[PDB]
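Heads up: the structure comes next, in structure tokens.
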Amino acid sequence: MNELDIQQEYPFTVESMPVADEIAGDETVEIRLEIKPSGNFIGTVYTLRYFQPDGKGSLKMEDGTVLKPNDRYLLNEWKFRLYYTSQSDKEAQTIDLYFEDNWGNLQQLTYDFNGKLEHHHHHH
């Protein structure tokens, strides 16, 4: 009751572990998602829909199961780690994470890898 803890408005916050912006193609990065909501709903089932537009690789759950593009999975954990193993990615690839829910509707997160278009070095 009387301790240093400050609470103010946290209905739904999506916290992502800082991933490496640049990836070496054949490399594996871990995208750690932590969703910190109010959490009135004990059972909402939720929905995670992953889509792979450009690039190429497998986004695997911390469990091991691979996420199927365009398809979706149902879960209970709001905090989890994703392991994206890329390989045939050219340079700048985008992965689409559609967090879907009955009450939260839809929250789309796009993670672009590399992105930067500097193909040359004008001067070093």
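Here the sequence shown is numbered in the deposited numbering, starting from 1 and rising by one per residue. Just so you know, even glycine gets a beta-carbon here, dropped at the ideal spot from N, CA and C.
Tell me whether residue i sits in a helix, a strand or coil according to DSSP, three-state version.
i	result
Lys90	coil
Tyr50	strand
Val45	coil
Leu4	coil
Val19	coil
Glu9	coil
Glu30	strand
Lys36	strand
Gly57	strand
For residue i, collect the residues of the same chain with a Cβ closer than 8 Å to its Cβ; drop the 5 residues on either side in sequence, then sort them by chain order.
i	result
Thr13	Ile35, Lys36, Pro37
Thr110	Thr94, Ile95, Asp96, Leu97
Going straight from the alpha carbon of residue i to that of residue j, what length do you get?
i	j	result
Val45	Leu106	14 Å
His122	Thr28	30 Å
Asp112	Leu4	38 Å
Only counting the same chain, and skipping five residues up and downstream in sequence, which positions put a Cβ closer than 6 Å to that of residue i?
i	result
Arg81	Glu30, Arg32, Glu62
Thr85	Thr28, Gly57, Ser58
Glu91	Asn114
*asked:* Between the region 56 to 70 and the region 1 to 16, can you find at least three pairs of beta-carbon atoms closer than 8 Å?
replied: no
*What runs of the beta strand (DSSP E), each 3 residues or longer, lie entirely inside the region 61 to 115?*
79 to 86, 93 to 101, 105 to 113
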